[PDB]
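With mmCIF, C-alpha atoms inside, this is run04.cif:
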```
data_structure
#
loop_
_atom_site.label_atom_id
_atom_site.label_comp_id
_atom_site.auth_asym_id
_atom_site.auth_seq_id
_atom_site.Cartn_x
_atom_site.Cartn_y
_atom_site.Cartn_z
CA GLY A 1 25.59 21.63 -33.66
CA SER A 2 23.05 19.67 -35.71
CA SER A 3 23.46 15.91 -35.36
CA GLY A 4 20.56 13.49 -35.02
CA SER A 5 19.42 12.13 -38.38
CA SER A 6 19.40 8.45 -39.36
CA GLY A 7 19.86 8.54 -43.12
CA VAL A 8 22.17 9.18 -46.08
CA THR A 9 21.00 12.65 -47.09
CA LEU A 10 22.35 15.57 -45.07
CA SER A 11 20.29 18.60 -44.03
CA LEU A 12 22.26 21.79 -44.69
CA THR A 13 21.00 25.11 -43.32
CA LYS A 14 22.01 28.74 -43.83
CA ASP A 15 23.69 28.28 -40.46
CA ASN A 16 25.67 25.19 -41.44
CA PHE A 17 25.49 25.33 -45.24
CA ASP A 18 28.82 27.04 -45.94
CA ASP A 19 30.39 25.31 -42.95
CA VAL A 20 29.53 21.77 -44.06
CA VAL A 21 29.70 22.04 -47.85
CA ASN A 22 33.09 23.75 -47.63
CA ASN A 23 34.29 20.73 -45.66
CA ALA A 24 33.00 18.37 -48.35
CA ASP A 25 35.45 17.64 -51.16
CA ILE A 26 32.45 16.94 -53.38
CA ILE A 27 28.83 17.38 -52.29
CA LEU A 28 25.53 17.95 -54.09
CA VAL A 29 22.74 20.18 -52.77
CA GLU A 30 19.10 19.73 -53.79
CA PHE A 31 16.72 22.59 -52.98
CA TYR A 32 13.27 21.15 -52.29
CA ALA A 33 9.99 22.40 -50.83
CA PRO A 34 7.69 20.71 -48.28
CA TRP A 35 4.79 21.97 -50.39
CA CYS A 36 6.14 21.37 -53.89
CA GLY A 37 4.52 18.32 -55.45
CA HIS A 38 7.09 17.52 -58.12
CA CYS A 39 9.50 17.19 -55.20
CA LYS A 40 7.40 14.45 -53.60
CA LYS A 41 8.71 12.42 -56.54
CA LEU A 42 12.35 13.51 -56.21
CA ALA A 43 12.41 12.94 -52.45
CA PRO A 44 12.84 9.18 -53.00
CA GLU A 45 14.90 9.74 -56.15
CA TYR A 46 17.36 11.80 -54.11
CA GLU A 47 17.47 10.01 -50.75
CA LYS A 48 17.94 6.75 -52.64
CA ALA A 49 20.70 7.96 -54.96
CA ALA A 50 22.54 8.98 -51.79
CA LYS A 51 22.63 5.34 -50.70
CA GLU A 52 24.22 4.25 -53.97
CA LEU A 53 26.90 6.95 -53.87
CA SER A 54 27.53 6.63 -50.13
CA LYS A 55 28.43 3.00 -50.86
CA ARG A 56 30.29 3.84 -54.07
CA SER A 57 33.94 4.90 -54.22
CA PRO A 58 34.77 7.57 -53.94
CA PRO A 59 31.58 7.99 -51.87
CA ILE A 60 29.69 11.11 -52.92
CA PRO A 61 27.44 12.27 -50.05
CA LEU A 62 24.28 14.23 -50.88
CA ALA A 63 22.44 16.97 -49.00
CA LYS A 64 18.86 18.27 -49.06
CA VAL A 65 18.13 21.93 -48.34
CA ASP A 66 14.71 23.54 -47.91
CA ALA A 67 14.58 26.62 -50.14
CA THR A 68 11.51 27.51 -48.09
CA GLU A 69 13.38 28.04 -44.82
CA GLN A 70 16.84 28.61 -46.28
CA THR A 71 15.61 31.17 -48.80
CA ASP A 72 18.80 33.13 -48.14
CA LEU A 73 20.74 30.25 -49.69
CA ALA A 74 18.28 29.77 -52.55
CA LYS A 75 18.47 33.39 -53.72
CA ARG A 76 22.26 33.03 -53.63
CA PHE A 77 21.96 30.27 -56.23
CA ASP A 78 19.17 32.00 -58.16
CA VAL A 79 16.78 29.23 -57.11
CA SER A 80 13.37 30.13 -58.53
CA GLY A 81 11.98 26.71 -59.38
CA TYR A 82 12.27 23.42 -57.51
CA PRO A 83 13.46 20.87 -57.55
CA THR A 84 16.84 22.57 -57.93
CA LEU A 85 20.07 20.59 -57.66
CA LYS A 86 23.58 22.06 -57.66
CA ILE A 87 27.07 20.62 -57.24
CA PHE A 88 29.52 22.12 -54.73
CA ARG A 89 33.29 21.66 -54.73
CA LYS A 90 35.11 22.89 -51.62
CA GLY A 91 32.79 25.89 -51.81
CA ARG A 92 32.24 26.05 -55.56
CA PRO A 93 28.63 25.84 -56.82
CA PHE A 94 27.99 24.39 -60.28
CA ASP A 95 24.65 24.29 -62.09
CA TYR A 96 23.73 20.61 -61.91
CA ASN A 97 22.75 19.39 -65.38
CA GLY A 98 21.65 15.81 -65.93
CA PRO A 99 19.10 13.09 -65.08
CA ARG A 100 16.87 13.68 -62.06
CA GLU A 101 16.40 9.95 -61.43
CA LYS A 102 17.83 7.88 -58.58
CA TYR A 103 20.14 6.02 -60.95
CA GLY A 104 20.93 8.92 -63.26
CA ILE A 105 21.78 11.36 -60.48
CA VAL A 106 24.25 8.80 -59.14
CA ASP A 107 25.78 8.01 -62.53
CA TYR A 108 26.19 11.74 -63.15
CA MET A 109 27.70 12.77 -59.81
CA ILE A 110 30.25 10.05 -60.56
CA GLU A 111 31.42 11.36 -63.94
CA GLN A 112 31.63 14.73 -62.18
CA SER A 113 33.98 13.68 -59.39
CA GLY A 114 36.25 12.56 -62.21
CA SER A 115 35.08 9.97 -64.72
CA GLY A 116 38.65 9.56 -65.93
CA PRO A 117 42.18 10.91 -65.37
CA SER A 118 41.65 14.53 -64.34
CA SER A 119 43.98 17.21 -62.96
CA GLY A 120 43.71 19.74 -60.15
#
```

Please go through the file and, once you have read it, give me the structure as structure tokens.
Amino acid sequence: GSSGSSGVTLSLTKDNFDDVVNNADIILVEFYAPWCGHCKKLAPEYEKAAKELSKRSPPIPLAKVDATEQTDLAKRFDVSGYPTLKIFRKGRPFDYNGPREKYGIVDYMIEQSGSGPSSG
């Protein structure tokens, strides 16, 4: 339905949020606002990190959602303060806790997917 973006970050909407994330072994959602300043700093810190992961292996794709238009989704994740990142595993949200820097974010997402020998 929605396909026409030249980048690494994916735009998930309340219409294709549970349909795309569920089809993503491991994806990270970052709720941002087109009016939130702090975000203006994360924008590049997020879009960039996506390039590092996308090239990494296993490649961990990232997605950016607008809590302003997708409020329905935000409330679902008790999003009351952006930026707000959260990991999703086959439809399993997990409070993202770690560095909010291009590098950090990447390094973290990695250890999450399975830093070492994990099960399940």

Could you list, as number ranges by chain, every residue matched by the PyMOL selection byres ((chain A and resi 13) around 8) in this structure? A: 11-12, 14-17, 65-66, 70

Selection: 12 Å around residue 67 (chain A), all atoms listed in the file, excl. self and same-chain fewer than 5 positions, as a list in words: residues 11, 12, 13, 14, 29, 30, 31, 32, 33, 34, 35, 36, 39, 72, 73, 74, 75, 76, 77, 78, 79, 80, 81, 82, 83, 84 and 85 of chain A

Quick one: residues within 6 Å of region 50-63 of chain A, all atoms listed in the file counted, chain neighbours fewer than 4 positions away excluded, as a compact mmCIF listing (two decimals) with C-alpha atoms, in the coordinates of the input?
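Full text of out_22.txt as output:
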```txt
# COMPACT_ATOMS: atom_id res chain seq x y z
CA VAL A 8 22.17 9.18 -46.08
CA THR A 9 21.00 12.65 -47.09
CA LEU A 10 22.35 15.57 -45.07
CA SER A 11 20.29 18.60 -44.03
CA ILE A 27 28.83 17.38 -52.29
CA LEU A 28 25.53 17.95 -54.09
CA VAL A 29 22.74 20.18 -52.77
```

Can you measure CA of residue 109 (chain A) to CA of residue 48 (chain A) for me? One decimal in Å is fine.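 A separation of 13.5 Å between them.
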
Enter the distance from CA of residue 106 (chain A) to CA of residue 47 (chain A), in Å, rounded to one decimal.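 Computed distance, CA of residue 106 (chain A) to CA of residue 47 (chain A), equals 10.9 Å.
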
Could you state the separation of CA of residue 45 (chain A) and CA of residue 7 (chain A) in Å, given to one decimal place?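 Spanning CA of residue 45 (chain A) to CA of residue 7 (chain A) is a straight-line distance of 14.0 Å.
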
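Minimum atom-to-atom distance to residue 23 (chain A), evaluated using all atoms listed in the file, belongs to A:91 out of A:4, A:41, A:91, A:96.
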
Select, from A:88, A:71, A:44, A:64, the residue with the minimum atom-to-atom distance to residue 18 (chain A), counting all atoms listed in the file.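 Closest residue, counting all atoms listed in the file: A:88.
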
Got a sec to resolve the PyMOL selection byres ((chain A and resi 102) around 7) on this structure and send the residues as a list in words? residues 45, 46, 48, 49, 100, 101, 103, 104, 105 and 106 of chain A
